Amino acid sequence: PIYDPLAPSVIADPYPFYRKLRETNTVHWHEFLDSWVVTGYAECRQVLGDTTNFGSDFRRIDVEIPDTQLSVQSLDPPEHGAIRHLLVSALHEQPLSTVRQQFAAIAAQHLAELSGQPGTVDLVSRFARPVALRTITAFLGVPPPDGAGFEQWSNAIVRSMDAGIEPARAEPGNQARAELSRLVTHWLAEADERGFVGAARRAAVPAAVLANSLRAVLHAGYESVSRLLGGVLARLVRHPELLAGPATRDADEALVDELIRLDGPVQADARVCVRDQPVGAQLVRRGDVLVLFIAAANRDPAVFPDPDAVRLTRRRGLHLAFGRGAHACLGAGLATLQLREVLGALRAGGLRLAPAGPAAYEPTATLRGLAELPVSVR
């Protein structure tokens, strides 16, 4: 193989490896994984937006998928539209003034808990994860579960996304998916009318699709926000000058766009080819699996010159960290609002967060995440 996606040196910093792949071929056949690896921006953008020839529902290539496992992320048009519009409608019903107030208060509270800490603190377990958990459960309108236990179940699902590389990772993910399903079932039965769960219940599609899709909102919301915050904090702690900018709404728009482009946690996004189709110069055939390395696409220098740097003058609307097309991230607006509020809380907190040891990364290849981010607080 080109490299081991779970090798420690790759996990420590995968972007040079992505770049070597991209420089050799933006659409490369990985024979041991039996998949195309797509690292070019143009090709990833093409595949994401074409659900006619590239799908997320493996039933379209004659794979058996029981009805009880269907979900918004594994359905394609036309079945995808009903549950997708249901979720968007429930999202759009949430008043943004309240959402922003909740997100800002959570971020400020967890930062204030850090003030007065004289030793080394781990920003993953002390900020990124608890903020994400309270953020997603406030949005859902449900009581937060225990943070440590919830992180353990959720982590099993994240690791299972790499089961094609390490098959032993599949089984813990399935047990964990079942646990999160029971959690979601309890919320469906008991949640207040305030919040996203109450709105989704009102809008309601097969009950299995709704429950699995809400589980997806919970897990995707928690893990994506948690891991984005960890990566962004890692960059801010090494480059505090990023927070020393104008700090106006528009200046922070550009900064947030760059932070999501660079530190968006989704490294890989898979599709199946339903009908033979060229991708770049290559012919992809019905039945082929494609892994879109969207974090690599977000460092493609043909689109992002000096790709590894924060540059505040790039054209907006280019990065693929939220996907593109029918399956584009449901929470992209919530996530940008949330990160804006974190930046604002950091600036108002007046706290200096200096490195107290290296950023340490977890052996997760699909969804990048820090295992630990040790800092001193001054």
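Residue positions are given as counts along the sequence shown, with the first one as 1.
As recorded in the PDB entry, how many deposited residues are without coordinates between residue 210 and residue 211: none, 1 to 3, 4 to 9, or 10 or more? Unresolved stretch here: none.
Higher average CA B factor in the deposited record is what I'm after, so tell me if that's 129-137 or 167-175. Stretch with the greater average CA B-factor: 167-175.
Which is higher on mean Cα B factor in this entry, 293-301 or 67-75? Of 293-301 and 67-75, the stretch with the higher C-alpha B-factor average is 67-75.
Member of 229, 90, 247, 236 with the greatest C-alpha B factor (per the PDB record): Max CA B-factor in the entry, restricted to 229, 90, 247, 236: 247.
Residue of maximum C-alpha B factor among 95, 307, 147, 265, per deposited coordinates: That would be 147.
Where does the C-alpha B-factor of residue 185 rank in its chain, lowest, middle or highest third? Highest third - that is where residue 185 ends up once the chain's C-alpha B-factors are sorted.
Split the chain's modelled residues into thirds by Cα B-factor; is residue 151 in the lowest, middle or highest one? Ranked within chain, residue 151 CA B lands in the middle tercile.
Divide the modelled residues of the chain into thirds by Cα B-factor and specify which third, lowest, middle or highest, holds residue 340. Middle third by C-alpha B-factor.
Based on the entry's values, in what third of the chain does the Cα temperature factor of residue 29 lie: lowest, middle or highest? According to the entry, residue 29 has a C-alpha B-factor in the chain's middle third.
Residue 354 CA temperature factor, ranked by third within the chain: Tercile = highest for this residue's CA B-factor.
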